[PDB]
Amino acid sequence: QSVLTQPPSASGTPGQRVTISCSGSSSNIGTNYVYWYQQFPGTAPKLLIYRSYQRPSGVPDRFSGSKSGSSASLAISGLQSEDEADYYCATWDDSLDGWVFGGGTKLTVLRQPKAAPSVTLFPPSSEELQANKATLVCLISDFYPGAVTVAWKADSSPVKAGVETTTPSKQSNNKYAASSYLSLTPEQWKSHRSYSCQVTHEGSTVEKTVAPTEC
Amino acid sequence: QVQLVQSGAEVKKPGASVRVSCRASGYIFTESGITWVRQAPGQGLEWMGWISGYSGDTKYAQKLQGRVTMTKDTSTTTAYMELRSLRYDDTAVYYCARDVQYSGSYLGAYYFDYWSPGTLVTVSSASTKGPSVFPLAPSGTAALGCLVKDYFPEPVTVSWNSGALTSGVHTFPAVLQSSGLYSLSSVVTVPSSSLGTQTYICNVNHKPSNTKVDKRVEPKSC
Amino acid sequence: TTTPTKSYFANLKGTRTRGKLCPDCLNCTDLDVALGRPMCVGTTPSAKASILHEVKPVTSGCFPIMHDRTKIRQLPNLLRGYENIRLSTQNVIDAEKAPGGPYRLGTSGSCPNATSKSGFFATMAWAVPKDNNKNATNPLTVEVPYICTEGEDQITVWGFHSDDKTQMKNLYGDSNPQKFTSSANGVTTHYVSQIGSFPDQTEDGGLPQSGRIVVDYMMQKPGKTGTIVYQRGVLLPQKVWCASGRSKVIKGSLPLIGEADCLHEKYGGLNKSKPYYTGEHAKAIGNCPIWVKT
Ligand SMILES: *[C@@H]1O[C@H](CO)[C@@H](O[C@@H]2O[C@H](CO)[C@@H](O[C@@H]3O[C@H](CO)[C@@H](O)[C@H](O)[C@@H]3O)[C@H](O)[C@H]2NC(C)=O)[C@H](O)[C@H]1NC(C)=O
Ligand SMILES: *[C@@H]1O[C@H](CO)[C@@H](O[C@@H]2O[C@H](CO)[C@@H](O)[C@H](O)[C@H]2NC(C)=O)[C@H](O)[C@H]1NC(C)=O
Ligand SMILES: *[C@@H]1O[C@H](CO)[C@@H](O[C@@H]2O[C@H](CO)[C@@H](O)[C@H](O)[C@H]2NC(C)=O)[C@H](O)[C@H]1NC(C)=O
């Protein structure tokens, strides 16, 4: 829902050149300067590129800014381990009368082969339903790099309410894992043929389904 | 050296307000401005607004007009952000940043430079509750788990079979509901033939509430 | 032929460009300089192009003013319209000897100097009656001579101080609303002071104050006099503005960064790297590219 559209994930083996795109419209990127910020976990973002093409002092020529129409792009060449971070594009938006940020792209310099996620989906326990509660548990593990998006389905129609997904966490083997929950009333749970947890990772979706009636 | 130093971490009940401070150093405060940007935990950046260090002129993000106020004090070269009527969505890190623009209409022709370390503001009504622990029954590998629902504050601790089961255990970080309470899960991957003969117990320890729960996770029957 | 990217305002290439009235008077707004708030009496250089960056100029210290009672906020934007501006070096009248019996010249803790914790705007003298003269007076009349040179316009700043019932009686000998009139350049404006029930202090020194100040300027053309008629609480003019030539003014922003061929009301600083541009046909100053329909 971000006004500027950034892919959640970008990657490359060390030494390679990777690019991060940022997609906007006439009111923002089309008529305004683009800015790029880099954030390491638990730190302040830092200005990396300014006025679409410029480099602050300290920022190596490895980083490069580009702009064309209503889209901008960040290029990181000679990719190195210390470039692992989150990259945010920002521009003013004349339509919303304020600054806007892209969703942020996580840059992973691969040191491991790309691996698809394992998904396991738990229906609510009998115990939990007796306490008049219901939670669907979708556990995601063994994926690399650590970026997934989660979507839920009631039968075959999307559900957005009562969904809580964790940020992914580096796990026991430098792969990644994450979880997602769908809170329901027993009323809701009983009224559907099936429920689904679909996990998108590297443009590829792994789906798991539960049915209230089966054991 | 361009410095920004903020007030300490804050924790507030929903409905109250917070005033965050931002003291400036190493540049001519009266010829710059401050923007504020906030970051919900594990999320993106949201611009809040700007204020001139020259005139006190302000411009706030449309979503926050009404609720936010910015002021500044030339004497102490300090800026303040006040956020009223806190809801759980206001839990975030609050950055201030040096903004190059200080007069004229604020229209994004300039930009903001250096960001302060960040001040965390936690809006919670929560009042220490132990968790409810539910088993995640197994369906040749098999997955079985423990759901640890609705606790505060962090952290809970999970072991399996009092520590004698370690191979295959993953305990996932907590999720923070919009209710201010946490939930986590823990899964062991086990031999599928091990079901039926072998027992599995998750041990949940939540020290802040002195809650200790051994939950038997057993196969489902129909 | 593209629509320029909006950018910051800049210095105009072949032309002195005025942002603040007094660069070097930091801790000061334009309106602070126009009033001569202490710590804001510095060099006000000439420029032939000026940027109008405050539609509603703001004070940031000294004694609390009721701005909306006069056309006072607009003073620095008037000033910035002239090429040359200067606060006079000599006082335009002697305040202590003015009509209305001997005065002590008042000062305030809201107006700290560096020699004093207490002072007052340099444009005005807070005319407080000595203790034996404090009582009601009939309207007093003072003439304000020209005192500027060449074909300078002279802008004369003056006002009146008011307070609540009891305070008025200590300072002056009269708790009645006082009356005031200025006349200069054929323009005449009447005022009557208010007693108590003042709006909240704003844009001031931040010390709590019982009273309020009202401030106006009158325009005196070369050779021409001005007249103030007044009773108790008057701020008599002292240092006045002298102003000549013309500056082009453009709505824009600050700070002025680097140098540009042209200043555009929407796109900001604009180099003439290309001969034409499209988009918003706003107002432009300097050596500018030619606007064209998309
Ligand atoms: C309009 O065009 C002028 C002229 O090109 C631009 O001003 C110039 O900006 C450049 C930098 O882009 C300045 O060069 C600097 O030189 C110093 C000293 O060697 C060096 O250390 C810096 O790295 C930089 O290269 C140059 O001084 C300056 N020229 C003038 C006459 O001041 C201006 O930026 C353009 N404005 C717009 C709105 O595009
Ligand atoms: C701008 O304001 C500052 C703050 O009052 C002034 O700097 C102070 O100078 C005094 C001496 O007169 C010192 O005692 C203070 O320690 C200074 N302040 C700080 C924060 O260190 C400064 O003089 C003002 N500038 C102008 C032009 O008036
Ligand atoms: C700082 O402010 C004080 C107070 O106005 C100034 O001292 C006055 O100087 C004038 C002469 O210019 C005298 O007539 C007054 O009697 C002085 N006031 C006092 C309290 O004695 C002083 O000149 C100002 N100094 C600076 C550095 O601007």
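Letters go in sequence order (proteins before strands), and every chain restarts at 1. These numbers come from the heavy atoms of this one structure, side chains and all, not from hydrogens, waters or symmetry mates.
- The side-chain heavy atoms of A:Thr165 and B:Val175, taken from C-beta on, include no pair separated by under 4.5 Å.
- Salt bridge present: B:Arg38 and B:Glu46 bring a charged side-chain N and a carboxylate O closer than 4.0 Å.
- One finds no salt bridge joining C:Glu54 and C:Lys56 here, because no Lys/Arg side-chain nitrogen approaches an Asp/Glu carboxylate oxygen to under 4.0 Å.
- Scanning for side chain to side chain contact (heavy atoms under 4.5 Å, CB included) contacts around B:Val187 gives A:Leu139, B:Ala143, B:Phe172, with sequence neighbours left out.
- A salt bridge between B:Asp90 and B:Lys12 is absent, with no side-chain N of the basic residue lying under 4.0 Å from a carboxylate O of the acidic one.
- In this structure A:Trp36 satisfies the ring pair (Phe, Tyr, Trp, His ring centres under 6.0 Å) test with no other residue, sequence neighbours excluded.
- Annotation: C:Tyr277 is in aromatic contact with C:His264 [ring centroid separation under 6.0 Å].
- Looking only at distances, a side-chain donor or acceptor of B:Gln6 sits under 3.5 Å from a matching main-chain atom of B:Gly118.
- Considering all non-hydrogen atoms of both residues, A:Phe63 and A:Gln38 come closest at CZ-NE2, 3.9 Å.
- Here B:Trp50 and B:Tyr60 keep their ring centres 6.0 angstrom or further from each other.
- Within the 3.5 Å criterion, the main-chain N or O of A:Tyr33 finds no donor-acceptor partner in the side chain of C:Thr5.
- At distances below 3.5 Å, not a single donor-acceptor pair connects side-chain atoms of A:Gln171 with backbone N or O atoms of A:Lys175.
- Seen from the ring of A:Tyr35, A:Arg51 does not count as a face-on cation partner, given the 6.0 Å and 45° thresholds.
- A:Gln6 contributes a side-chain N or O that, together with a main-chain N or O of A:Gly104, makes up a donor-acceptor pair within less than 3.5 Å.
- Between A:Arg111 and A:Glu84, at least one side-chain nitrogen of the basic residue sits less than 4.0 Å from a carboxylate oxygen of the acidic one, meeting the salt-bridge criterion.
- For the 3.5 Å distance criterion, the side chains of A:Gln112 and A:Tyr144 fail to qualify, holding no donor opposite an acceptor.
- Ring to ring, A:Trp189 and A:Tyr195 are close: their centroids are under 6.0 angstrom apart.
- B:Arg98 and B:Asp113 are joined by a salt bridge, as a carboxylate oxygen and a charged side-chain nitrogen come within less than 4.0 angstrom of each other.
- In this model, a donor atom of one side chain and an acceptor atom of the other lie less than 3.5 Å apart for A:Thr13 and A:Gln16.
- Of all heavy-atom pairs spanning B:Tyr54 and B:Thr30, the tightest one is CB-O, 3.2 Å.
- The main-chain N or O of B:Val123 is found under 3.5 Å from a side-chain atom of B:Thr91 such that the two form a donor-acceptor pair.
- The OG1 atom of A:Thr166 lies 10.5 Å from the CG atom of B:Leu184; values are rounded to the nearest 0.5 Å.
- Cation-pi geometry between B:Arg19 and B:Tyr80 is met: under 6.0 angstrom from the ring centre, within 45 degrees of the axis.
- Considering A:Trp99, A:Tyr50, A:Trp92 as possible partners of B:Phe112, the one that fulfils the ring pair (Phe, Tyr, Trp, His ring centres under 6.0 Å) test is A:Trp99.
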